[PDB]
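> before the rest arrives, take these chain(s) from the complex:
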Amino acid sequence: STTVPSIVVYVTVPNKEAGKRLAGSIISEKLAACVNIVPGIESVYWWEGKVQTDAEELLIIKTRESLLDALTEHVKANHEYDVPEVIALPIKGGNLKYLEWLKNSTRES
């Protein structure tokens, strides 16, 4: 049909510039239809025996399940951290016409 299986991928980054550049390569390389950047996140995790807290930005990446591999590759290749967060969540339904656009926007995999 019109309309490949899709996902929403969260990826966090340390700063504003990083976020904007990653969104550019993702979209230019045609690995996602669309990227929302949520600025001014604060992140909390346990590392080196204390609780750590860092200023970060969240990228919300609408794309194909197909490309989750090409995407995840791509985030690591382009990312200040060694273990960069990237997790996909499945899109089950939506505005049909947008999901088609999502398909046409995206690399063939």
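Great, that's in hand. Numbering: from 1, shown residues only, chains lettered A, B, ... in the order given.

> Look at the closest residue to residue A:44 other than its chain neighbours and give its secondary structure.
In space, not counting the residues next to it along the chain, residue A:44 is nearest to residue A:53; the distance is 5.1 Å by Cβ to Cβ, 6 or more residues apart in numbering. In short, each C-beta sits where N, CA and C put it, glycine included. Look at residue A:53: counting by DSSP: H, G, I helix; E, B strand; the rest coil, its state is strand.

> what number of residues lie near residue A:53?
Burial of residue A:53 is recorded as 10 neighbouring residues (other Cβ atoms under 10 Å).

> And for residue A:36?
Taking other Cβ under 10 Å as the neighbour definition, residue A:36 ends up with a count of 11.

> Am I right that it is in contact with residue A:27?
No. Between residue A:36 and residue A:27 there is no contact, the gap being 11.6 Å when judged by Cβ atoms under 8 Å.

> which ones are touching the residue nearest to residue A:44?
With Cβ atoms under 8 Å, 6 or more residues apart in numbering as the criterion, the residues that contact residue A:53 are A:42, A:43, A:44.

> thinking the second one is in contact with residue A:57, fair?
No. Taking contacts as Cβ under 8 Å, residue A:43 lies outside contact range of residue A:57: 9.8 Å.

> if you count what's nearby, which of those two comes out ahead?
Of the pair residue A:43 and residue A:57, residue A:57 is the one with more neighbours under other Cβ under 10 Å, namely 22 against 14.

> Chain B comes next; put it on the structure above:
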Amino acid sequence: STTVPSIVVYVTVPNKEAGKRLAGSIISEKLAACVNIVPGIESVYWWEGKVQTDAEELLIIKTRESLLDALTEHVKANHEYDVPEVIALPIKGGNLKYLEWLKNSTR
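Take a look at chain B, now in place beside the chains above:
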């Protein structure tokens, strides 16, 4: 069975008034139990031969799977773009009383 299959729906909108109103209109019309508005989000995508970027906000809408078509029709009717982002994600539980109030406060 005090609990119906539920979704998180994402909708971007182009400005602060817009989403405030979409949200009002959505909730009023009983098409979702609630809407979180995330403001100041930047959206990047490919459009007319290059990398467009727009200032928007994000509506995270918690409603029932049953209501996704009604909610998607509503969003189109009340939204500036022709092909608005509306995408659904399935909930695999959580606070059961939340999930029932979700059921209850929705049609």
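
> Please re-evaluate the neighbour count of residue A:36 in the presence of chain B.
Using other Cβ atoms under 10 Å in any protein chain shown, the number of residues around residue A:36 comes to 23.

> Who are the contact partners of it?
By Cβ atoms under 8 Å, 6 or more residues apart in numbering or on different chains, the contact list for residue A:36 reads A:59, A:60, A:61, B:12, B:41, B:42, B:43, B:56, B:58.

> I'd like to know the beta-bridge partner residues of the last one.
Each beta-bridge partner of residue B:58 is listed here: residue B:12, residue B:38, as defined by DSSP bridges.

> quick one: the residue lying farthest from the centre of chain A from chain B, how far?
When distances to the mean C-alpha position of chain A are computed (Cα atoms, centre = their mean), the maximum falls on residue A:49, with 28.9 Å. Plainly put, residue A:49 is 30 Å away from chain B if you go by Cβ to the nearest Cβ, to the nearest Å.

> And for residue A:65?
Remark: distance between residue A:65 and chain B (Cβ to the nearest Cβ) = 13 Å.

> which residues touch that residue?
With contact set as Cβ under 8 Å, 6+ apart, residue A:65 has these partners: A:4, A:5, A:6, A:7, A:88, A:90.

> Quick check, residue A:7 in contact with residue A:86.
No. Residue A:7 is beyond contact range of residue A:86, at 10.6 Å (criterion: Cβ under 8 Å).

> Compare these two (neighbour count), which wins?
Remark: of residue A:7 and residue A:86, residue A:7 carries more neighbours, 21 against 18, as counted by other Cβ under 10 Å.

> let's put chain C on the structure above:
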Amino acid sequence: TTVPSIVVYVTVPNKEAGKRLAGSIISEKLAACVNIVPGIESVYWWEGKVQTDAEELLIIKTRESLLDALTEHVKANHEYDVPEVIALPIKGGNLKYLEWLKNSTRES
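Chain C goes in next, on the same frame as the chains above:
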């Protein structure tokens, strides 16, 4: 290398509740990692009117396994008596991150 995991959305009513609940969450070994999204605005129906209040959003990355522990932990340290805690199924990613996620949390 990798137990079934999830993202958990949870709103708190202010800057401070979030900092504190994110701490106490990560402190008691309950999720690998917590993102606070400040200054969101939450709109819902309540007592016959459209309510709007300012809030924050915790995005909580953990294993399905801890969902209930977590929920029950939040209800303990959460000033609302019916917190929004909903969960969406993680289904893919940095195989590495998922391992770190796994390797940062309990079983029960």
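
> ok chain C is loaded, check the contacts of residue A:65 again?
For residue A:65, the contact set (Cβ under 8 Å, 6+ apart) comprises A:4, A:5, A:6, A:7, A:88, A:90, C:92.

> What residues does chain A have near chain C?
A:7, A:9-10, A:12, A:38, A:40-46, A:51, A:53, A:56, A:58, A:65, A:68, A:72, A:75-76, A:83-90 (Cβ under 8 Å from any Cβ of the partner chain).

> Filter those down to the buried ones, PyMOL style.
Here is the PyMOL command that selects the buried residues among the residues of chain A next to chain C (16 or more other Cβ atoms under 10 Å in any protein chain shown):
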select buried, chain A and resi 7+9+10+12+38+41+42+43+44+45+46+53+56+58+65+68+72+75+76+84+85+86+87+88+89+90
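
> now what about stretch A:93-103, what contacts it?
In this structure, residues lying in contact with stretch A:93-103 by Cβ under 8 Å, 6+ apart are A:2-4, A:6, A:33-34, A:62-64, A:91, B:7, B:9, B:65, B:68, B:72, B:75-76, B:82-88.

> Kindly recompute the last result at 7 Å.
Surrounding stretch A:93-103, the residues in contact under the criterion Cβ atoms under 7 Å, 6 or more residues apart in numbering or on different chains are A:2-4, A:6, A:33, A:62, B:68, B:72, B:83-88.

> got the contact list for residue A:35?
When the contact criterion is Cβ under 7 Å, 6+ apart, the partners of residue A:35 are A:23, A:26, A:27, A:59, A:60, A:61, B:43, B:44, B:45.
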